[PDB]
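One file, query.pdb, carrying PDB, N, CA and C atoms:
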```pdb
MODEL        1
ATOM      1  N   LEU A   1       0.812  -1.212   0.000
ATOM      2  CA  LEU A   1       0.000   0.000   0.000
ATOM      3  C   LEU A   1       0.848   1.266   0.000
ATOM      4  N   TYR A   2       1.985   1.249   0.689
ATOM      5  CA  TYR A   2       2.846   2.421   0.768
ATOM      6  C   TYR A   2       3.609   2.589  -0.542
ATOM      7  N   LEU A   3       3.522   3.781  -1.131
ATOM      8  CA  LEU A   3       4.283   4.086  -2.337
ATOM      9  C   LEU A   3       5.617   4.710  -1.946
ATOM     10  N   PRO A   4       6.745   4.074  -2.253
ATOM     11  CA  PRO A   4       8.036   4.608  -1.807
ATOM     12  C   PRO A   4       8.404   5.908  -2.504
ATOM     13  N   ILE A   5       9.169   6.728  -1.789
ATOM     14  CA  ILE A   5       9.699   7.972  -2.331
ATOM     15  C   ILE A   5      10.917   7.668  -3.194
ATOM     16  N   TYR A   6      11.087   8.447  -4.258
ATOM     17  CA  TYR A   6      12.142   8.237  -5.239
ATOM     18  C   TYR A   6      13.113   9.409  -5.195
ATOM     19  N   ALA A   7      14.409   9.104  -5.173
ATOM     20  CA  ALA A   7      15.442  10.122  -5.046
ATOM     21  C   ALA A   7      15.939  10.546  -6.423
ATOM     22  N   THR A   8      16.029  11.860  -6.628
ATOM     23  CA  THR A   8      16.523  12.436  -7.869
ATOM     24  C   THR A   8      17.993  12.797  -7.743
ATOM     25  N   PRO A   9      18.863  12.285  -8.613
ATOM     26  CA  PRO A   9      20.291  12.607  -8.507
ATOM     27  C   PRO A   9      20.532  14.093  -8.731
ATOM     28  N   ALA A  10      21.547  14.617  -8.050
ATOM     29  CA  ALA A  10      21.873  16.030  -8.127
ATOM     30  C   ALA A  10      22.675  16.339  -9.390
ATOM     31  N   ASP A  11      22.915  17.632  -9.607
ATOM     32  CA  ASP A  11      23.663  18.068 -10.773
ATOM     33  C   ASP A  11      25.122  17.633 -10.652
ATOM     34  N   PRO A  12      25.772  17.322 -11.775
ATOM     35  CA  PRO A  12      27.175  16.903 -11.714
ATOM     36  C   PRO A  12      28.093  18.011 -11.222
ATOM     37  N   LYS A  13      29.139  17.595 -10.514
ATOM     38  CA  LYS A  13      30.120  18.522  -9.972
ATOM     39  C   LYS A  13      30.956  19.138 -11.088
ATOM     40  N   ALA A  14      31.249  20.429 -10.956
ATOM     41  CA  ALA A  14      32.024  21.134 -11.969
ATOM     42  C   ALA A  14      33.489  20.753 -11.794
ATOM     43  N   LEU A  15      34.062  20.095 -12.797
ATOM     44  CA  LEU A  15      35.459  19.692 -12.714
ATOM     45  C   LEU A  15      36.371  20.911 -12.674
ATOM     46  N   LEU A  16      37.392  20.850 -11.825
ATOM     47  CA  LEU A  16      38.319  21.957 -11.652
ATOM     48  C   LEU A  16      39.742  21.492 -11.932
ATOM     49  N   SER A  17      40.508  22.346 -12.602
ATOM     50  CA  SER A  17      41.889  22.072 -12.965
ATOM     51  C   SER A  17      42.814  23.028 -12.226
ATOM     52  N   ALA A  18      44.007  22.553 -11.885
ATOM     53  CA  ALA A  18      44.967  23.363 -11.150
ATOM     54  C   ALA A  18      46.048  23.829 -12.114
ATOM     55  N   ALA A  19      46.324  25.129 -12.103
ATOM     56  CA  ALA A  19      47.345  25.732 -12.951
ATOM     57  C   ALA A  19      48.374  26.412 -12.063
ATOM     58  N   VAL A  20      49.559  25.824 -11.961
ATOM     59  CA  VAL A  20      50.613  26.384 -11.133
ATOM     60  C   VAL A  20      51.657  27.009 -12.047
ATOM     61  N   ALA A  21      52.469  27.880 -11.463
ATOM     62  CA  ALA A  21      53.534  28.569 -12.170
ATOM     63  C   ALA A  21      54.887  28.029 -11.731
ATOM     64  N   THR A  22      55.890  28.263 -12.569
ATOM     65  CA  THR A  22      57.255  27.849 -12.292
ATOM     66  C   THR A  22      58.135  29.080 -12.144
ATOM     67  N   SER A  23      59.142  28.959 -11.288
ATOM     68  CA  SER A  23      60.066  30.040 -10.988
ATOM     69  C   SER A  23      61.485  29.533 -11.178
ATOM     70  N   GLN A  24      62.326  30.367 -11.777
ATOM     71  CA  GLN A  24      63.722  30.031 -12.004
ATOM     72  C   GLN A  24      64.597  31.189 -11.558
ATOM     73  N   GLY A  25      65.745  30.852 -10.980
ATOM     74  CA  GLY A  25      66.650  31.873 -10.503
ATOM     75  C   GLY A  25      67.278  32.659 -11.636
ATOM     76  N   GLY A  26      67.518  33.941 -11.371
ATOM     77  CA  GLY A  26      68.146  34.780 -12.359
ATOM     78  C   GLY A  26      69.631  34.513 -12.487
ATOM     79  N   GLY A  27      70.164  34.871 -13.649
ATOM     80  CA  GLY A  27      71.568  34.686 -13.924
ATOM     81  C   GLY A  27      72.428  35.750 -13.277
ATOM     82  N   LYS A  28      73.733  35.589 -13.459
ATOM     83  CA  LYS A  28      74.719  36.517 -12.939
ATOM     84  C   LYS A  28      75.666  36.877 -14.071
ATOM     85  N   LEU A  29      76.139  38.113 -14.058
ATOM     86  CA  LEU A  29      77.007  38.558 -15.133
ATOM     87  C   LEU A  29      78.372  37.890 -15.002
ATOM     88  N   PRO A  30      78.960  37.441 -16.106
ATOM     89  CA  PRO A  30      80.297  36.845 -16.035
ATOM     90  C   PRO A  30      81.354  37.904 -15.791
ATOM     91  N   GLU A  31      82.621  37.515 -15.809
ATOM     92  CA  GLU A  31      83.686  38.473 -15.564
ATOM     93  C   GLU A  31      83.972  39.254 -16.838
ATOM     94  N   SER A  32      83.975  40.578 -16.719
ATOM     95  CA  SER A  32      84.245  41.432 -17.862
ATOM     96  C   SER A  32      85.709  41.313 -18.255
ATOM     97  N   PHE A  33      85.969  41.415 -19.551
ATOM     98  CA  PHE A  33      87.316  41.272 -20.076
ATOM     99  C   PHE A  33      87.716  42.526 -20.834
ATOM    100  N   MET A  34      88.944  42.974 -20.591
ATOM    101  CA  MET A  34      89.461  44.142 -21.283
ATOM    102  C   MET A  34      89.722  43.812 -22.741
ATOM    103  N   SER A  35      89.183  44.637 -23.623
ATOM    104  CA  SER A  35      89.267  44.389 -25.045
ATOM    105  C   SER A  35      90.481  45.107 -25.621
ATOM    106  N   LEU A  36      90.612  45.021 -26.938
ATOM    107  CA  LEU A  36      91.660  45.692 -27.683
ATOM    108  C   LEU A  36      91.114  46.802 -28.559
ATOM    109  N   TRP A  37      89.910  46.626 -29.089
ATOM    110  CA  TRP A  37      89.298  47.601 -29.967
ATOM    111  C   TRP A  37      88.790  48.797 -29.165
ATOM    112  N   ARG A  38      88.668  49.926 -29.855
ATOM    113  CA  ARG A  38      88.072  51.128 -29.297
ATOM    114  C   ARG A  38      86.554  50.967 -29.217
ATOM    115  N   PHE A  39      85.911  51.863 -28.466
ATOM    116  CA  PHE A  39      84.493  51.680 -28.157
ATOM    117  C   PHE A  39      83.582  51.611 -29.378
ATOM    118  N   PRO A  40      83.688  52.485 -30.387
ATOM    119  CA  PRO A  40      82.789  52.348 -31.548
ATOM    120  C   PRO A  40      82.877  51.004 -32.262
ATOM    121  N   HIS A  41      84.059  50.390 -32.301
ATOM    122  CA  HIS A  41      84.219  49.112 -32.986
ATOM    123  C   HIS A  41      83.698  47.946 -32.156
ATOM    124  N   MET A  42      84.078  47.892 -30.881
ATOM    125  CA  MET A  42      83.548  46.881 -29.973
ATOM    126  C   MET A  42      82.043  47.012 -29.767
ATOM    127  N   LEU A  43      81.496  48.218 -29.924
ATOM    128  CA  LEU A  43      80.046  48.388 -29.937
ATOM    129  C   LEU A  43      79.392  47.900 -31.225
ATOM    130  N   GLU A  44      79.956  48.198 -32.396
ATOM    131  CA  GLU A  44      79.385  47.617 -33.614
ATOM    132  C   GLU A  44      79.480  46.091 -33.620
ATOM    133  N   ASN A  45      80.546  45.557 -33.027
ATOM    134  CA  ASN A  45      80.712  44.119 -32.846
ATOM    135  C   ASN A  45      79.622  43.551 -31.942
ATOM    136  N   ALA A  46      79.544  44.054 -30.711
ATOM    137  CA  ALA A  46      78.574  43.531 -29.762
ATOM    138  C   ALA A  46      77.151  43.707 -30.276
ATOM    139  N   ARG A  47      76.800  44.901 -30.761
ATOM    140  CA  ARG A  47      75.477  45.110 -31.347
ATOM    141  C   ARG A  47      75.135  44.071 -32.417
ATOM    142  N   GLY A  48      76.104  43.704 -33.266
ATOM    143  CA  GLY A  48      75.865  42.625 -34.222
ATOM    144  C   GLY A  48      75.590  41.284 -33.563
ATOM    145  N   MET A  49      76.409  40.948 -32.570
ATOM    146  CA  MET A  49      76.238  39.728 -31.782
ATOM    147  C   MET A  49      74.864  39.673 -31.109
TER     148      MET A  49
ATOM    149  N   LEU B   1      89.353  36.774 -29.894
ATOM    150  CA  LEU B   1      89.614  38.075 -29.294
ATOM    151  C   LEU B   1      90.035  37.929 -27.836
ATOM    152  N   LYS B   2      89.608  36.853 -27.171
ATOM    153  CA  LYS B   2      90.052  36.584 -25.809
ATOM    154  C   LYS B   2      91.564  36.414 -25.758
ATOM    155  N   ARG B   3      92.116  35.685 -26.728
ATOM    156  CA  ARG B   3      93.534  35.351 -26.793
ATOM    157  C   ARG B   3      94.420  36.387 -27.478
ATOM    158  N   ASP B   4      93.884  37.221 -28.360
ATOM    159  CA  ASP B   4      94.728  38.156 -29.094
ATOM    160  C   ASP B   4      95.276  39.263 -28.202
ATOM    161  N   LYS B   5      96.527  39.637 -28.468
ATOM    162  CA  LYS B   5      97.198  40.739 -27.796
ATOM    163  C   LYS B   5      98.100  41.455 -28.784
ATOM    164  N   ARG B   6      98.386  42.717 -28.485
ATOM    165  CA  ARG B   6      99.276  43.484 -29.338
ATOM    166  C   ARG B   6     100.685  42.938 -29.184
ATOM    167  N   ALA B   7     101.279  42.538 -30.296
ATOM    168  CA  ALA B   7     102.595  41.931 -30.296
ATOM    169  C   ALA B   7     103.659  42.996 -30.504
ATOM    170  N   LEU B   8     104.841  42.759 -29.940
ATOM    171  CA  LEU B   8     105.912  43.727 -30.120
ATOM    172  C   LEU B   8     106.396  43.586 -31.553
ATOM    173  N   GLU B   9     106.055  44.554 -32.395
ATOM    174  CA  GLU B   9     106.542  44.556 -33.763
ATOM    175  C   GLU B   9     107.988  45.041 -33.794
ATOM    176  N   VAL B  10     108.868  44.214 -34.345
ATOM    177  CA  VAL B  10     110.304  44.455 -34.374
ATOM    178  C   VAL B  10     110.808  44.280 -35.800
ATOM    179  N   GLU B  11     111.919  44.943 -36.108
ATOM    180  CA  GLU B  11     112.610  44.763 -37.372
ATOM    181  C   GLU B  11     114.092  44.562 -37.101
ATOM    182  N   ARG B  12     114.719  43.751 -37.948
ATOM    183  CA  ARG B  12     116.131  43.422 -37.833
ATOM    184  C   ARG B  12     116.719  43.396 -39.231
ATOM    185  N   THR B  13     117.786  44.160 -39.430
ATOM    186  CA  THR B  13     118.604  44.027 -40.622
ATOM    187  C   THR B  13     119.504  42.800 -40.533
ATOM    188  N   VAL B  14     119.521  42.013 -41.604
ATOM    189  CA  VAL B  14     120.383  40.846 -41.733
ATOM    190  C   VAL B  14     121.335  41.104 -42.890
ATOM    191  N   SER B  15     122.633  41.047 -42.617
ATOM    192  CA  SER B  15     123.654  41.248 -43.637
ATOM    193  C   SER B  15     124.150  39.882 -44.095
ATOM    194  N   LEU B  16     123.808  39.515 -45.331
ATOM    195  CA  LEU B  16     124.221  38.222 -45.865
ATOM    196  C   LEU B  16     125.737  38.118 -45.963
ATOM    197  N   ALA B  17     126.403  39.197 -46.379
ATOM    198  CA  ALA B  17     127.858  39.160 -46.469
ATOM    199  C   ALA B  17     128.487  38.936 -45.102
ATOM    200  N   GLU B  18     127.982  39.616 -44.072
ATOM    201  CA  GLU B  18     128.542  39.434 -42.738
ATOM    202  C   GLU B  18     128.249  38.036 -42.206
ATOM    203  N   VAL B  19     127.038  37.529 -42.447
ATOM    204  CA  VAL B  19     126.672  36.202 -41.955
ATOM    205  C   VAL B  19     127.532  35.133 -42.619
ATOM    206  N   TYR B  20     127.700  35.224 -43.940
ATOM    207  CA  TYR B  20     128.556  34.275 -44.638
ATOM    208  C   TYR B  20     130.029  34.467 -44.295
ATOM    209  N   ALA B  21     130.423  35.658 -43.842
ATOM    210  CA  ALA B  21     131.767  35.838 -43.308
ATOM    211  C   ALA B  21     131.927  35.226 -41.923
ATOM    212  N   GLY B  22     130.832  35.075 -41.181
ATOM    213  CA  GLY B  22     130.896  34.688 -39.784
ATOM    214  C   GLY B  22     130.695  33.238 -39.384
ATOM    215  N   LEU B  23     130.221  32.383 -40.288
ATOM    216  CA  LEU B  23     129.889  31.022 -39.888
ATOM    217  C   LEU B  23     131.155  30.240 -39.521
ATOM    218  N   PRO B  24     131.024  29.225 -38.658
ATOM    219  CA  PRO B  24     132.199  28.536 -38.107
ATOM    220  C   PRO B  24     133.216  28.067 -39.143
ATOM    221  N   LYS B  25     134.475  28.017 -38.693
ATOM    222  CA  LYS B  25     135.617  27.701 -39.550
ATOM    223  C   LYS B  25     135.426  26.399 -40.318
ATOM    224  N   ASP B  26     134.893  25.369 -39.659
ATOM    225  CA  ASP B  26     134.666  24.096 -40.332
ATOM    226  C   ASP B  26     133.541  24.172 -41.354
ATOM    227  N   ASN B  27     132.652  25.156 -41.239
ATOM    228  CA  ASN B  27     131.684  25.432 -42.291
ATOM    229  C   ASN B  27     132.269  26.268 -43.424
ATOM    230  N   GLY B  28     133.489  26.780 -43.264
ATOM    231  CA  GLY B  28     134.166  27.548 -44.285
ATOM    232  C   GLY B  28     133.582  28.927 -44.512
ATOM    233  N   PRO B  29     133.985  29.880 -43.675
ATOM    234  CA  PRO B  29     133.574  31.273 -43.877
ATOM    235  C   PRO B  29     134.140  31.882 -45.151
ATOM    236  N   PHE B  30     133.340  32.755 -45.762
ATOM    237  CA  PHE B  30     133.659  33.329 -47.065
ATOM    238  C   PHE B  30     132.868  34.620 -47.212
ATOM    239  N   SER B  31     133.531  35.685 -47.653
ATOM    240  CA  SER B  31     132.822  36.876 -48.096
ATOM    241  C   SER B  31     132.353  36.706 -49.533
ATOM    242  N   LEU B  32     131.150  37.209 -49.822
ATOM    243  CA  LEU B  32     130.525  36.955 -51.114
ATOM    244  C   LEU B  32     131.280  37.580 -52.278
ATOM    245  N   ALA B  33     132.218  38.491 -52.006
ATOM    246  CA  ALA B  33     132.915  39.176 -53.089
ATOM    247  C   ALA B  33     133.727  38.201 -53.930
ATOM    248  N   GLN B  34     134.427  37.271 -53.285
ATOM    249  CA  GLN B  34     135.357  36.400 -53.990
ATOM    250  C   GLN B  34     134.733  35.088 -54.451
ATOM    251  N   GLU B  35     133.460  34.834 -54.143
ATOM    252  CA  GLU B  35     132.773  33.678 -54.709
ATOM    253  C   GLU B  35     131.669  34.032 -55.689
ATOM    254  N   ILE B  36     131.047  35.207 -55.573
ATOM    255  CA  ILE B  36     130.057  35.600 -56.573
ATOM    256  C   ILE B  36     130.716  35.762 -57.939
ATOM    257  N   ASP B  37     131.899  36.381 -57.971
ATOM    258  CA  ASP B  37     132.602  36.638 -59.223
ATOM    259  C   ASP B  37     133.236  35.386 -59.815
ATOM    260  N   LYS B  38     133.377  34.317 -59.035
ATOM    261  CA  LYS B  38     133.958  33.085 -59.550
ATOM    262  C   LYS B  38     132.914  32.025 -59.860
ATOM    263  N   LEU B  39     131.805  31.987 -59.119
ATOM    264  CA  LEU B  39     130.725  31.081 -59.486
ATOM    265  C   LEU B  39     130.016  31.549 -60.748
ATOM    266  N   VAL B  40     130.032  32.854 -61.026
ATOM    267  CA  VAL B  40     129.490  33.319 -62.297
ATOM    268  C   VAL B  40     130.371  32.844 -63.447
ATOM    269  N   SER B  41     131.688  32.775 -63.226
ATOM    270  CA  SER B  41     132.597  32.297 -64.263
ATOM    271  C   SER B  41     132.323  30.838 -64.603
ATOM    272  N   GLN B  42     132.111  30.007 -63.584
ATOM    273  CA  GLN B  42     131.783  28.596 -63.767
ATOM    274  C   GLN B  42     130.717  28.218 -62.750
ATOM    275  N   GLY B  43     129.594  27.688 -63.234
ATOM    276  CA  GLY B  43     128.486  27.352 -62.360
ATOM    277  C   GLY B  43     128.556  25.999 -61.690
ATOM    278  N   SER B  44     129.490  25.139 -62.099
ATOM    279  CA  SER B  44     129.592  23.812 -61.501
ATOM    280  C   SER B  44     130.141  23.850 -60.081
ATOM    281  N   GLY B  45     130.774  24.951 -59.683
ATOM    282  CA  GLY B  45     131.341  25.055 -58.356
ATOM    283  C   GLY B  45     130.308  25.285 -57.269
ATOM    284  N   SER B  46     130.777  25.164 -56.029
ATOM    285  CA  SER B  46     129.948  25.360 -54.850
ATOM    286  C   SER B  46     130.765  26.086 -53.790
ATOM    287  N   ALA B  47     130.060  26.755 -52.881
ATOM    288  CA  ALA B  47     130.697  27.479 -51.792
ATOM    289  C   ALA B  47     129.825  27.360 -50.553
ATOM    290  N   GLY B  48     130.452  27.516 -49.391
ATOM    291  CA  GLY B  48     129.737  27.407 -48.139
ATOM    292  C   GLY B  48     129.474  25.960 -47.772
ATOM    293  N   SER B  49     128.759  25.783 -46.664
ATOM    294  CA  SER B  49     128.428  24.451 -46.184
ATOM    295  C   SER B  49     127.104  24.507 -45.437
TER     296      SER B  49
ENDMDL
END
```

Any chance you could give the structure as structure tokens?
Amino acid sequence: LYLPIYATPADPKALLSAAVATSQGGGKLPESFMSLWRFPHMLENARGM
Amino acid sequence: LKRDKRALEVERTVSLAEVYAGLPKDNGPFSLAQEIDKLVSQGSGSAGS
């Protein structure tokens, strides 16, 4: 005689993704070396490099 | 450019007559005056060591 109650499933859970970042240490300048060329030439050289 | 350096540019006079006058006795020292004029006369000869 008793009519059982029926359960309705809930809405699906919203899937979530994790996005993490990476960190890297900065570099250090090497040892400067005394050149032979004058500044305009060593600058045209380096600028090309 | 790391390895290059300004080199001491030098000049030296070399006197062939003096050098050929100076080589050791067993090598037979000779001034070019008395062999240039005789080897031109006959080319089969030789001088020095």

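If you measure from each of A:20, A:15, A:34, A:10 to chain B using only N, CA and C atoms, the closest one turns out to be A:34.
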
Hey, what comes out of the PyMOL selection byres ((chain B) within 8 of (chain A)) on this file? Could you write it as a PyMOL selection string?
-> chain B and resi 1-2+4-6

Can you write just those residues out, N, CA and C atoms, as a JSON list (two decimals), in the frame of the given file?
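Just written: selection33.json:
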```json
[["chain", "number", "residue", "atom", "x", "y", "z"],
["B", 1, "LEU", "N", 89.35, 36.77, -29.89],
["B", 1, "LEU", "CA", 89.61, 38.08, -29.29],
["B", 1, "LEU", "C", 90.04, 37.93, -27.84],
["B", 2, "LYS", "N", 89.61, 36.85, -27.17],
["B", 2, "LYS", "CA", 90.05, 36.58, -25.81],
["B", 2, "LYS", "C", 91.56, 36.41, -25.76],
["B", 4, "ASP", "N", 93.88, 37.22, -28.36],
["B", 4, "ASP", "CA", 94.73, 38.16, -29.09],
["B", 4, "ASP", "C", 95.28, 39.26, -28.20],
["B", 5, "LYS", "N", 96.53, 39.64, -28.47],
["B", 5, "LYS", "CA", 97.20, 40.74, -27.80],
["B", 5, "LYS", "C", 98.10, 41.46, -28.78],
["B", 6, "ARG", "N", 98.39, 42.72, -28.48],
["B", 6, "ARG", "CA", 99.28, 43.48, -29.34],
["B", 6, "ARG", "C", 100.68, 42.94, -29.18]]
```

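Between atom C of residue 38 of chain A and atom N of residue 3 of chain B lies a distance of 16.5 Å.
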
What does the distance from atom CA of residue 24 of chain B to atom CA of residue 44 of chain B come to in Å, to one decimal?
-> 24.0 Å

Distance atom CA of residue 28 of chain B-atom C of residue 11 of chain B, one decimal place?
-> 27.3 Å

Which of chain B DSSP labels helix (DSSP H, G or I), written as number ranges by chain | B: 16-22, 25-27, 33-39

Picked residues, the PyMOL selection byres (((chain B and resi 29 and name CA) around 12) and name CA), as an MDAnalysis selection string = chainID B and resid 16:28 30:32 34:35 47:49

What would the file be for segment 20-44 of chain B if you keep N, CA, C and O atoms and write it as an mmCIF file, in the first residue's frame?
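Written file, part-v3.cif:
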```cif
data_model
loop_
_atom_site.group_PDB
_atom_site.id
_atom_site.type_symbol
_atom_site.label_atom_id
_atom_site.label_comp_id
_atom_site.auth_asym_id
_atom_site.auth_seq_id
_atom_site.Cartn_x
_atom_site.Cartn_y
_atom_site.Cartn_z
ATOM 1 N N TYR B 20 127.700 35.224 -43.940
ATOM 2 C CA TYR B 20 128.556 34.275 -44.638
ATOM 3 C C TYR B 20 130.029 34.467 -44.295
ATOM 4 O O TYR B 20 130.822 33.544 -44.493
ATOM 5 N N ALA B 21 130.423 35.658 -43.842
ATOM 6 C CA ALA B 21 131.767 35.838 -43.308
ATOM 7 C C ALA B 21 131.927 35.226 -41.923
ATOM 8 O O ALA B 21 133.051 34.895 -41.529
ATOM 9 N N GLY B 22 130.832 35.075 -41.181
ATOM 10 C CA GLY B 22 130.896 34.688 -39.784
ATOM 11 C C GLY B 22 130.695 33.238 -39.384
ATOM 12 O O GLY B 22 130.973 32.890 -38.233
ATOM 13 N N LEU B 23 130.221 32.383 -40.288
ATOM 14 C CA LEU B 23 129.889 31.022 -39.888
ATOM 15 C C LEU B 23 131.155 30.240 -39.521
ATOM 16 O O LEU B 23 132.249 30.558 -39.993
ATOM 17 N N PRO B 24 131.024 29.225 -38.658
ATOM 18 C CA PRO B 24 132.199 28.536 -38.107
ATOM 19 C C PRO B 24 133.216 28.067 -39.143
ATOM 20 O O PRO B 24 132.883 27.773 -40.293
ATOM 21 N N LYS B 25 134.475 28.017 -38.693
ATOM 22 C CA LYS B 25 135.617 27.701 -39.550
ATOM 23 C C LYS B 25 135.426 26.399 -40.318
ATOM 24 O O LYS B 25 135.761 26.315 -41.505
ATOM 25 N N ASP B 26 134.893 25.369 -39.659
ATOM 26 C CA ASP B 26 134.666 24.096 -40.332
ATOM 27 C C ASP B 26 133.541 24.172 -41.354
ATOM 28 O O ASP B 26 133.481 23.329 -42.254
ATOM 29 N N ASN B 27 132.652 25.156 -41.239
ATOM 30 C CA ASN B 27 131.684 25.432 -42.291
ATOM 31 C C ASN B 27 132.269 26.268 -43.424
ATOM 32 O O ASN B 27 131.601 26.449 -44.448
ATOM 33 N N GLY B 28 133.489 26.780 -43.264
ATOM 34 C CA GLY B 28 134.166 27.548 -44.285
ATOM 35 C C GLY B 28 133.582 28.927 -44.512
ATOM 36 O O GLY B 28 132.774 29.151 -45.418
ATOM 37 N N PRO B 29 133.985 29.880 -43.675
ATOM 38 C CA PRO B 29 133.574 31.273 -43.877
ATOM 39 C C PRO B 29 134.140 31.882 -45.151
ATOM 40 O O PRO B 29 135.257 31.577 -45.577
ATOM 41 N N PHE B 30 133.340 32.755 -45.762
ATOM 42 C CA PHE B 30 133.659 33.329 -47.065
ATOM 43 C C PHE B 30 132.868 34.620 -47.212
ATOM 44 O O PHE B 30 131.666 34.642 -46.930
ATOM 45 N N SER B 31 133.531 35.685 -47.653
ATOM 46 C CA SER B 31 132.822 36.876 -48.096
ATOM 47 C C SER B 31 132.353 36.706 -49.533
ATOM 48 O O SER B 31 133.068 36.155 -50.371
ATOM 49 N N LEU B 32 131.150 37.209 -49.822
ATOM 50 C CA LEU B 32 130.525 36.955 -51.114
ATOM 51 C C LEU B 32 131.280 37.580 -52.278
ATOM 52 O O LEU B 32 131.025 37.204 -53.428
ATOM 53 N N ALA B 33 132.218 38.491 -52.006
ATOM 54 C CA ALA B 33 132.915 39.176 -53.089
ATOM 55 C C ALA B 33 133.727 38.201 -53.930
ATOM 56 O O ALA B 33 133.719 38.282 -55.163
ATOM 57 N N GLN B 34 134.427 37.271 -53.285
ATOM 58 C CA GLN B 34 135.357 36.400 -53.990
ATOM 59 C C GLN B 34 134.733 35.088 -54.451
ATOM 60 O O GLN B 34 135.422 34.290 -55.095
ATOM 61 N N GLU B 35 133.460 34.834 -54.143
ATOM 62 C CA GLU B 35 132.773 33.678 -54.709
ATOM 63 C C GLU B 35 131.669 34.032 -55.689
ATOM 64 O O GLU B 35 131.369 33.221 -56.563
ATOM 65 N N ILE B 36 131.047 35.207 -55.573
ATOM 66 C CA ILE B 36 130.057 35.600 -56.573
ATOM 67 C C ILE B 36 130.716 35.762 -57.939
ATOM 68 O O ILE B 36 130.183 35.314 -58.962
ATOM 69 N N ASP B 37 131.899 36.381 -57.971
ATOM 70 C CA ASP B 37 132.602 36.638 -59.223
ATOM 71 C C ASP B 37 133.236 35.386 -59.815
ATOM 72 O O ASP B 37 133.612 35.397 -60.991
ATOM 73 N N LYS B 38 133.377 34.317 -59.035
ATOM 74 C CA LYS B 38 133.958 33.085 -59.550
ATOM 75 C C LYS B 38 132.914 32.025 -59.860
ATOM 76 O O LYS B 38 133.118 31.227 -60.781
ATOM 77 N N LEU B 39 131.805 31.987 -59.119
ATOM 78 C CA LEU B 39 130.725 31.081 -59.486
ATOM 79 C C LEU B 39 130.016 31.549 -60.748
ATOM 80 O O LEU B 39 129.444 30.728 -61.474
ATOM 81 N N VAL B 40 130.032 32.854 -61.026
ATOM 82 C CA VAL B 40 129.490 33.319 -62.297
ATOM 83 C C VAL B 40 130.371 32.844 -63.447
ATOM 84 O O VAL B 40 129.873 32.541 -64.538
ATOM 85 N N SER B 41 131.688 32.775 -63.226
ATOM 86 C CA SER B 41 132.597 32.297 -64.263
ATOM 87 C C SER B 41 132.323 30.838 -64.603
ATOM 88 O O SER B 41 132.309 30.457 -65.779
ATOM 89 N N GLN B 42 132.111 30.007 -63.584
ATOM 90 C CA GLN B 42 131.783 28.596 -63.767
ATOM 91 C C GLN B 42 130.717 28.218 -62.750
ATOM 92 O O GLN B 42 130.903 28.421 -61.546
ATOM 93 N N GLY B 43 129.594 27.688 -63.234
ATOM 94 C CA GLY B 43 128.486 27.352 -62.360
ATOM 95 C C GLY B 43 128.556 25.999 -61.690
ATOM 96 O O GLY B 43 127.755 25.731 -60.790
ATOM 97 N N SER B 44 129.490 25.139 -62.099
ATOM 98 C CA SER B 44 129.592 23.812 -61.501
ATOM 99 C C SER B 44 130.141 23.850 -60.081
ATOM 100 O O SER B 44 129.988 22.871 -59.344
#
```
